[PDB]
Ligand SMILES: O=c1ccn([C@@H]2O[C@H](COP(=O)(O)OP(=O)(O)O)[C@@H](O)[C@H]2O)c(=O)[nH]1
């Protein structure tokens, strides 16, 4: 006869903590990843600052994710330094308290891993200091991330005096990068060094991270992902957003109704993300282009940005018939993924934030690139010249993008034979995007590696 005990380690008895930096471009890929992990059966606790808790609570539906709030640690009114140092002190202690709370509880399994935003690398020390694994979630592509790595290593001169000559930078497994293709820190002026260090320091403890996760897929970034694979065991697990236990954004019904009433491939979707704020002159140039183009438009203009519009109680939305006989809608926020996947959307005029770029890739929507800072410039270079799914506008070579140049790009993407090829390329990358996260695809495999190895004794 036999006698003894069997212990089973399963996703249902495995507790994943996740902690995004409180900006939408960081929260959203983290949330999507939490949804996929919950679907595999894991217990998942999303930790987020109290000021983003409401936004996140309104978005998550059907249940599977356990939500915890922590203090903001900031007030958003101070300058970047201080807003950040207080921030790091505050969330270290509060996440540490959550970790210990769940180690001692009985409703949940003890935490086995903390998934933390890659720009908060000190959270690896919190995870290890409490005896649990640390997964660093990068929310930018491999290609721009490697540029930060090379910048941190201080081997090549990244200083730019662009006024006396033009520089082109060659890094391994990357295309030649002109000066305008480098991640853009000069916009931030005296805080350029601080923003820079934030992104560079993602790599301070790369050798010690238990899981390095990238919201990208291998085929999209083949050469550079492999390069990174040979140095670190990175796991490309993207897109974390679902293909065509979910996220519900506001104004979903409004935008879907409006788009349903347009013709297929008739709408330019315009958004500059959750953070960027364009000058009122830049808003003017974009306005006049969209009001004279041969297409309908849906333009997200955030509430705080309505004052920058050309034009006492800023409307939450505004409906238009344009000078070319088309229809426009300005709205404070939309379900961007549903919008990009709508048959009416012909192209995406974007600031080229990474989530916007990859959502567009996963939706097969070609792009007009109007990058503003950090990784957006590098993303635009890859969108136009590598993936060939969009066109980048030309600034005085920070410079204003004039309506005529915006119109140029709209006509190329939306009217020309070249535009038809960009669309074909975008549908191709969308299929590869789907294959990566389907069973046996590179991202499904890499995410299963993370999930399966979490169970090991
Ligand atoms: O009307 C909008 C505009 C943006 N987004 C989402 O907000 C995120 C923007 O992140 P991104 O990386 O593109 O740029 P960031 O906002 O960080 O500059 C993306 O997940 C978008 O889908 C949205 O849900 N509704």
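We place every Cβ from the backbone using ideal geometry, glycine too, and count neighbours over all the protein chains shown. All of this is worked out from the model, or read from it or from the source named; no laboratory instrument gave them.
Of note:
- Counting only residues that are surrounded by 15 or more Cβ atoms within 10 Å (Cβ to Cβ) and farther than 14 Å from residue 50 by Cβ, the stretch 82-99 holds 6 of them.
- Enumeration of residues in the stretch 326-365 that are in a loop (DSSP other than H, G, I, E, B) and buried (at least 24 other Cβ atoms within 10 Å of the Cβ): 334, 352, 353, 365
- Residue count for the stretch 316-325 satisfying the condition of being in a loop (DSSP other than H, G, I, E, B) and either within 16 Å of the ligand (Cβ to nearest atom) or not assigned by CATH to the domain that holds residue 262 (or both): 1.
- Subset of the stretch 151-187 that is in contact with a strand residue (DSSP E or B) (Cβ under 9 Å, 6 or more places away or on another chain) and in a helix (DSSP H, G or I) - its residue that is farthest from residue 231 (Cα to Cα): 187
- For residue 438, the conditions (1) more than 17 Å from residue 217 (Cα to Cα); (2) surrounded by fewer than 14 Cβ atoms within 10 Å (Cβ to Cβ) are fulfilled apart from (1).
- Residue count, the stretch 1-47 (criterion: more than 16 Å from the ligand (Cβ to nearest atom), under 30 Å from residue 357 (Cα atoms) and either assigned to a loop (DSSP other than H, G, I, E, B) or not assigned by CATH to the domain that holds residue 439 (or both)): 3
- Residue within the stretch 73-81 that is assigned to a loop (DSSP other than H, G, I, E, B), within 16 Å of the ligand (Cβ to nearest atom), surrounded by fewer than 16 Cβ atoms within 10 Å (Cβ to Cβ) and outside the structural domain of residue 273 (by CATH) present: yes
- Of the helices (runs of 4 or more DSSP H) lying entirely inside the stretch 392-457, the ones with 3 or more residues being under 30 Å from residue 210 (Cβ atoms) and in contact with a helix residue (DSSP H, G or I) (Cβ under 7 Å, 6 or more places away or on another chain) are found at 417-437, 442-454.
- Members of the stretch 426-455 that are in contact with a strand residue (DSSP E or B) (Cβ under 9 Å, 6 or more places away or on another chain) and within 16 Å of residue 360 (Cβ to Cβ): 426, 436
- Test: residue 58 is surrounded by fewer than 18 Cβ atoms within 10 Å (Cβ to Cβ) and within 15 Å of the ligand (Cβ to nearest atom): yes
- Residues of the stretch 218-225 include at least one that is away from the ligand (no atom under 16 Å from the Cβ) and surrounded by fewer than 15 Cβ atoms within 10 Å (Cβ to Cβ).
- Inclusion of residue 158 among residues that are in contact with a helix residue (DSSP H, G or I) (Cβ under 6 Å, 6 or more places away or on another chain) and over 25 Å from residue 29 (Cβ atoms) is warranted.
- Per-region count, the stretch 294-307, residues within 16 Å of the ligand (Cβ to nearest atom) and surrounded by fewer than 20 Cβ atoms within 10 Å (Cβ to Cβ): 5
- Odd one out for residue 233, checked against (1) outside the structural domain of residue 204 (by CATH); (2) surrounded by fewer than 16 Cβ atoms within 10 Å (Cβ to Cβ); (3) away from the ligand (no atom under 13 Å from the Cβ): (1)
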